[PDB]
**Student:** 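Structure provided below as structure tokens; questions to follow.
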Amino acid sequence: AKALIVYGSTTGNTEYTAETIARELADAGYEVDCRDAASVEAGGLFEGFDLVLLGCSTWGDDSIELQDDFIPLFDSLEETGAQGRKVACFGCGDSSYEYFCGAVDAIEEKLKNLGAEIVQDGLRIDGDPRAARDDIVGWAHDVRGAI
Ligand SMILES: Cc1cc2nc3c(=O)[nH]c(=O)nc-3n(C[C@H](O)[C@H](O)[C@H](O)COP(=O)(O)O)c2cc1C
């Protein structure tokens, strides 16, 4: 199985989450490519992957704002080869805000409307992902068991 993980992270929390997921998938035998959204180009990005995991923190407070490095990829998701692609989403946030992990919502809906197959409900991390490490591991298992 070949997996692509693409994350947007400002303070490193979604990046930690991405790397935790990456390690779980690699340890199970997947080929894993884990990239910062700041470094990627949208066109054809998902081609050749069995599974694509998109991670993004939520910003904005009074409105939903995607993590800033992820916005160009989000605005170009139509170019990535998402139709029929097996995908799932993750991200960090804080439930004291009105739109908790709203970026995960936004990315999931955009993917669904592009024809992607959402294989698991998104991973919505409240607070420090290091305090949710076992939820991350479990979700990574669940995703492997759903493709
Ligand atoms: C000023 C500010 C605004 C935020 N706004 C939101 C928000 O609207 N919704 C949310 O779920 N979390 C919100 N957060 C929480 C961030 O998503 C959280 O700090 C997250 O761990 C950052 O992940 P990152 O390091 O991958 O960027 C905000 C954080 C700050 C400091």
Side-chain angles (χ1 to χ4, degrees), residues 3-26 30 32-47 49-147:
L4 178 66
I5 306 166
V6 179
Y7 63 88
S9 186
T10 291
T11 72
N13 288 334
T14 304
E15 181 182 13
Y16 172 90
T17 302
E19 299 166 8
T20 300
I21 299 164
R23 177 58 193 289
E24 289 303 291
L25 299 187
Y30 283 39
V32 184
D33 199 331
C34 189
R35 303 181 196 167
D36 190 326
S39 78
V40 302
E41 291 228 84
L45 180 59
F46 302 164
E47 294 188 354
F49 292 102
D50 297 298
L51 175 64
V52 177
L53 306 181
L54 301 182
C56 191
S57 52
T58 302
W59 297 85
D61 187 353
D62 61 305
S63 79
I64 296 172
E65 294 191 56
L66 272 43
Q67 191 286 153
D68 171 61
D69 307 301
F70 201 98
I71 291 174
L73 173 61
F74 178 84
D75 286 344
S76 282
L77 273 180
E78 314 175 19
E79 304 180 22
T80 56
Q83 144 49 228
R85 193 69 57 187
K86 296 178 194 182
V87 302
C89 299
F90 62 99
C92 295
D94 180 335
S95 58
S96 76
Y97 289 102
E98 171 97 352
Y99 312 122
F100 170 59
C101 281
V104 180
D105 302 345
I107 297 159
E108 286 185 338
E109 293 303 327
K110 187 72 189 189
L111 287 167
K112 287 182 116 137
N113 296 346
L114 287 170
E117 180 183 350
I118 311 309
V119 300
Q120 194 70 10
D121 282 352
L123 178 60
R124 290 171 171 81
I125 296 174
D126 192 3
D128 192 330
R130 299 156 191 82
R133 192 181 179 278
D134 295 327
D135 289 349
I136 301 166
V137 171
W139 186 84
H141 273 289
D142 296 340
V143 299
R144 291 193 300 290
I147 58 168

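Along the sequence shown, residues carry numbers from 1.
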**Student:** Are any side-chain N or O atoms of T58 and backbone N or O atoms of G102, one a donor and one an acceptor, separated by less than 3.5 Å?
**Tutor:** yes

**Student:** With salt bridge (charged side-chain N to carboxylate O under 4.0 Å, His left out) as the test, would you mind laying out the steps for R35 and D33 before giving the verdict?
**Tutor:** CA-CA 6 Å; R35 303 181 196 167; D33 199 331; 2.5 Å; yes

**Student:** Compare every heavy atom of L66 with every heavy atom of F70, then report the nearest pair and how far apart it is.
**Tutor:** CD2-CD2, 4.3 Å

**Student:** Around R23, counting heavy atoms of other residues, nucleotides and ligands shown, do more than 12 lie under 6.0 Å from its CZ?
**Tutor:** no

**Student:** Side chains of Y7 and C34: does their closest heavy-atom pair fall under 4.5 Å?
**Tutor:** yes

**Student:** Run the numbers on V52 and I5 for side chain to side chain contact (heavy atoms under 4.5 Å, CB included), then give the verdict.
**Tutor:** CA-CA 6 Å; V52 177; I5 306 166; over 6 Å; no

**Student:** Quick check: closest heavy atoms across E15 and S9, and the distance to 0.1 Å?
**Tutor:** N-OG, 3.2 Å

**Student:** Are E78 and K110 within salt-bridge range, i.e. N to O under 4.0 Å?
**Tutor:** yes

**Student:** Are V40 and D36 packed together at the side-chain level, in the sense that at least one heavy-atom pair is separated by less than 4.5 angstrom?
**Tutor:** no

**Student:** Please step through side chain to side chain contact (heavy atoms under 4.5 Å, CB included) for the pair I107 and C56, ending with a clear verdict.
**Tutor:** CA-CA 9 Å; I107 297 159; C56 191; 3.4 Å; yes

**Student:** About how many Å separate CD1 of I71 and CZ of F74, when rounded to the nearest 0.5 Å?
**Tutor:** 9.5 Å

**Student:** Can you confirm whether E47 sits close enough to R85 that some side-chain heavy atom of one is under 4.5 Å from a side-chain heavy atom of the other?
**Tutor:** yes

**Student:** Find the distance between CG (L25) and NE2 (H141) and round it off to the nearest 0.5 Å.
**Tutor:** 10.0 Å

**Student:** With a 4.5 Å limit on heavy-atom distance, are the side chains of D135 and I125 in contact?
**Tutor:** no

**Student:** Take atom CZ in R130; do more than 12 heavy atoms of anything else shown fall under 6.0 Å from it?
**Tutor:** yes

**Student:** Between the side chain of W139 and the main-chain N/O of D121, is any donor-acceptor distance below 3.5 Å?
**Tutor:** yes

**Student:** Rounded to the nearest 0.5 Å, what separation is found between the CD1 atom of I118 and the CD atom of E109?
**Tutor:** 8.0 Å

**Student:** With rounding to the nearest 0.5 Å, note down the distance linking CD in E24 to CD in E19.
**Tutor:** 13.0 Å

**Student:** Pick one: which of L54, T14, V143 meets side chain to side chain contact (heavy atoms under 4.5 Å, CB included) with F90?
**Tutor:** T14

**Student:** Closest approach of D50 and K86, non-hydrogen atoms and distance?
**Tutor:** O-CB, 3.5 Å

**Student:** Measure across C92 and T17 and return the closest heavy-atom pair with its distance rounded to 0.1 Å.
**Tutor:** SG-OG1, 3.6 Å

**Student:** Apply the test side chain to side chain contact (heavy atoms under 4.5 Å, CB included) to residues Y30 and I147: give CA-CA distance (whole Å), side-chain angles for both, the deciding distance (0.1 Å), then the verdict.
**Tutor:** CA-CA 12 Å; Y30 283 39; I147 58 168; 2.9 Å; yes

**Student:** Within a strict 4.5 Å, meaning less than it, do heavy atoms of the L114 and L77 side chains meet?
**Tutor:** yes

**Student:** State, yes or no, whether a side-chain contact exists between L4 and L45 at a heavy-atom distance under 4.5 Å.
**Tutor:** yes

**Student:** For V119 versus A88, what's the shortest heavy-atom pair and its separation?
**Tutor:** CG2-CB, 4.2 Å

**Student:** Do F46 and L51 touch side chain to side chain, with heavy atoms closer than 4.5 Å?
**Tutor:** no

**Student:** Measure the spacing between CZ of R144 and CD1 of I21 and express it to the nearest 0.5 Å.
**Tutor:** 10.5 Å

**Student:** Under 4.0 Å between a side-chain nitrogen and a carboxylate oxygen: does that hold for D126 and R124?
**Tutor:** no

**Student:** Does any part of the side chain of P129, heavy atoms only, come nearer than 4.5 Å to the side chain of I136, both counted from C-beta?
**Tutor:** yes

**Student:** For a quick test of reading the model, state the closest non-hydrogen atom pair linking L111 to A82 and the distance between them.
**Tutor:** CD2-CB, 4.0 Å

